[PDB]
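Notes to accompany the following structure.
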Protein chains: 2
Amino acid sequence: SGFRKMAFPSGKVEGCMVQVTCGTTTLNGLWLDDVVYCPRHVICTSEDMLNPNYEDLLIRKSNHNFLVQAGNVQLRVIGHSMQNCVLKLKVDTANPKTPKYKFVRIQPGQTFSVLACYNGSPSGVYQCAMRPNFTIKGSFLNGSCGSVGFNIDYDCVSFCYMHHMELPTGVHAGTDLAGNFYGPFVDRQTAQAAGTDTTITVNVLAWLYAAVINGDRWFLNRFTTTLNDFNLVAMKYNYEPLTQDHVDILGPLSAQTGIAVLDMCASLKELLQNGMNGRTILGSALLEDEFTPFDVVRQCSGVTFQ
Amino acid sequence: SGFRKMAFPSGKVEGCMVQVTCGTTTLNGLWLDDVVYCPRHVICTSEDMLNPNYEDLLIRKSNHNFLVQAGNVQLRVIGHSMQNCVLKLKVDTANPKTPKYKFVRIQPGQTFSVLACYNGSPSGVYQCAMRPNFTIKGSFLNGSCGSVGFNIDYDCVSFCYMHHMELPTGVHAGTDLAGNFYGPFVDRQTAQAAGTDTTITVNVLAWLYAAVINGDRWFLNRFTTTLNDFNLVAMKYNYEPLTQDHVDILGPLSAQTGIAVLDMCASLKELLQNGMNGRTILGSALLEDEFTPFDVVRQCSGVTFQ
Ligand SMILES: *[C@H](O)[C@H](C[C@@H]1CCNC1=O)NC(=O)[C@@H]1[C@@H]2[C@H](CN1C(=O)[C@@H](NC(=O)CC(C)C)C(C)(C)C)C2(C)C
Ligand SMILES: *[C@H](O)[C@H](C[C@@H]1CCNC1=O)NC(=O)[C@@H]1[C@@H]2[C@H](CN1C(=O)[C@@H](NC(=O)CC(C)C)C(C)(C)C)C2(C)C
C-alpha cells in the first residue's frame, strides 16, 4: 500500500539530454539518433525574444553558431532546420543511448514525467498533468528550456512535452516534440494569459478509488446520484462535466472496490458541498486531480518497464 | 518558479537493480561491483517468515540456491554472507554500470528518492522523508523488497535505505545498506507498532520560505516570537522543538527572503492556531513537512548532477 505522486524512471531520457548554446543563450536539447531537438528561441538575443521573426533569424545563422555538448564531448552540427517552434540540429554522431521512442501529443487531463535539466545535466524528476487550459504546474528556473516530459510504456519512451516558457501566474507552457504549442501561446516575450482552468473530474474520482484501495473510506456513503444531477454540482464547483466514457474508464476501479461509479460521484458531491471537516484523503486536505485512472491502476497494481 | 516534490534522476540506480530469487521468494537486489545486496528474508519460506532464525536458515543454503538475474542475463553466485538484515551475494561479474557510491545512514527529518522496483525492473521514482519514528510513507506492493532509497551529490550516489516490510498502519520500514534497521523493527512477520510520530518543524519552516520565494505571502505578519515561546506552541501541536542549529540552517533562506527566522515562526504559530481559512500554500491545504532546507535551496536555485 501507499499512494505517492510517482514519476517514471528517468534513465532512458537522461541519456538523451545535451547542452545547446547559441550566442549568449544556453538551454537543453534532446538527442535522438543523429538529431538534437531544442526550443527555437535559442537563436534569439535578449532583444530578439521581445518580438522575433524566427525565419529571418534562422537564415542568418550557420551550423557553427550552434555549440552542442553531450557532457564534456562536443557534437558537430552538420545541418539545421526549423519545425514549428522547435529546432532540429543534425549532428555528426547518432546517440548510442537512443531509446525506442515516439512523439505523441497528449490531451489535457493526462499526466507525464518531467526531467528538469540545466546545462544538459538532469536535476530532478517529477510528475505533472496537462491542465485543461493547456498549462502545466511545473518547477522550472532559468535555463530549464528544452527539458522534456514523457511517459514510458514497456521499453518505449513517448515524448509529449518540451519546456519553453513561464507565464506571469507562475505556470508553464511548451510544445509537443513537433514544435506545436499546447494552448494559445507563442514563443514571444509578451503578455499572454492562461485561460480559465477547471478541475479534472474523472481524475478526482480515480484518486478517490485509490484512497479506498488504500483504506481511506470515511467519505463513502450509501447515497447515489444520476450522472445528470452530478454534473449540475460539477458546473457549480468549476469541475469538468463527466461523460459516460469517463464512467467506462473508471469501470475496472469500480469493479475492484465494489463501489459503483455513480456512488462515488455522490461521495464527491458531498465532499464538494461540505468540505472535509478537518480530515484528509491519502494525506491531502484537498481533492487531488493530477492522477489518471491509469496512474491509479499502475501504482495500486505495480507495472514496470524494461 | 514552481515547487514540486522532486526526486533525483534515477538512471545511475536503475543500472544496479537486479532480480534475486530463492525458493518461492523473488525480490530486488542492488548490484555494485561484484556484490548483490538484498533483504535477508529472501531465504525464508512463508512459514519461515513467521519466526525465523536467520543464521540457522542461511547455513542450510548454498550458492546455487540464489538465482540472480540482471535483466535477461543470469549472474552466477560464488559466495554469500549475511551482514545484519541484508545478504551480500558475491557474483562472478562486476557491474560495469557501478556508479561512484557511498553507504550512508540518514537522520529522521532528512529526505531521499526511492526507486520502486519489481522483479529487478524499475517501476517509478518518488521522494520520501524519514519520519521521526523511523518509518517512511512510501508506495510499496508485494515484491518491492530490495528497492533502495538514495540521494545524489554531484556524481556520487549515497544509498541510505533498503525496503523490507510494511507495518499495519500502511507505513514502511527498512534498513540502511549495512542491514541495520531504521527504528525498533525486526524482519519478522509479527505485530510491531511504529511509535508516535511528530511533525518536522524545521522542514515546515523551510517550505514556508519556499512559498515566499514563489510568491505566496498571505501568511506573513509583522509579529515576532522568542524561540522559547514558539516551542510552547510546538509541543501543543505535536511539532518538534526548534533548536538554534535549525535557526542557523535556515539562515540562508532567511537572508534571501529578508524574513527573520523568528518572524517566520510567528507565522507558523498563527497557522497552527487558526488554520488556513480556505487558502492554500504552494498548492497544499496542509502544512508540508517533507522538504528539507537543502531541498528548498536545490529547487529554488537549480543544482544538477553528472
Ligand atoms: C528558458 O529556459 C526559459 C525558462 C523560463 C525561465 C524562468 N522559468 C521558465 O520556465 N524561458 C524563457 O526565458 C522564455 C523565453 C523568452 C521569455 N521567456 C519566459 O518564459 C518569460 N515569460 C514571459 O515573458 C511571459 C510569457 C507569456 C512568454 C520570463 C519568465 C523569462 C519572464 C521566450 C522567448 C518566451
Ligand atoms: C517484500 O517485497 C515485502 C514488501 C511488502 C509487501 C506489501 N508491502 C510491502 O512493503 N515485505 C514483506 O512481505 C515482509 C516480509 C515478511 C512479512 N512482510 C510484511 O511486510 C508484512 N508485514 C507484517 O507482517 C507486519 C510487520 C511488522 C512485519 C505484510 C505487509 C506482508 C503483512 C517479512 C519477513 C517481515
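Throughout, protein chains are lettered first and strands after them, A, B, ... in sequence-line order, and every chain is numbered starting at 1.
Both the backbone and the side chain of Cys128(B) have a heavy atom closer than 4.5 Å to some heavy atom of chain A. At a 4.5 Å heavy-atom cutoff, the contact between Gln306(B) and chain A is made by side-chain atoms alone. For chain B, the nearby part of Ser301(A) is the backbone; its heavy atoms alone come within less than 4.5 Å. Looking at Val303(B), only its backbone comes within 4.5 Å of chain A, counting heavy atoms on both sides. Residue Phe3(A) touches chain B through its backbone alone, counting heavy-atom pairs closer than 4.5 Å.
We find that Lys5(B) and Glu290(A) are not joined by a salt bridge, their nearest charged nitrogen and carboxylate oxygen being 4.0 Å or further apart.
The CD atom of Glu14(B) sits 5.5 Å away from atom OG of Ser10(A), with the distance rounded to the nearest 0.5 Å. Note that the OG atom of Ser139(A) and the CG atom of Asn214(B) stand 7.5 Å from one another [nearest 0.5 Å].
Here the side chains of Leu286(A) and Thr280(B) are in contact, with some heavy-atom distance below 4.5 Å.
Interface remark: of the candidates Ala116(B), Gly124(B), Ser1(B), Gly11(B), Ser1(B) forms the most heavy-atom pairs closer than 4.5 Å to chain A. Highest contact tally toward chain A, considering only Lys137(B), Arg298(B), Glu288(B), is held by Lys137(B) [criterion: heavy-atom pairs under 4.5 Å]. For the options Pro122(A), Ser284(A), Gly275(A), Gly170(A), heavy-atom pairs under 4.5 Å to chain B are most numerous at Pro122(A). For the options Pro9(A), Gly283(A), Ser121(A), heavy-atom pairs under 4.5 Å to chain B are most numerous at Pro9(A).
Identified by a heavy-atom distance below 4.5 Å to chain A, the contributing residues of residues 150-168 of chain B are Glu166(B), in residue-number order.
Summarising the geometry of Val125(B) relative to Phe8(A), their closest heavy-atom pair is CG1-O, 3.8 Å, with the distance given to 0.1 Å.
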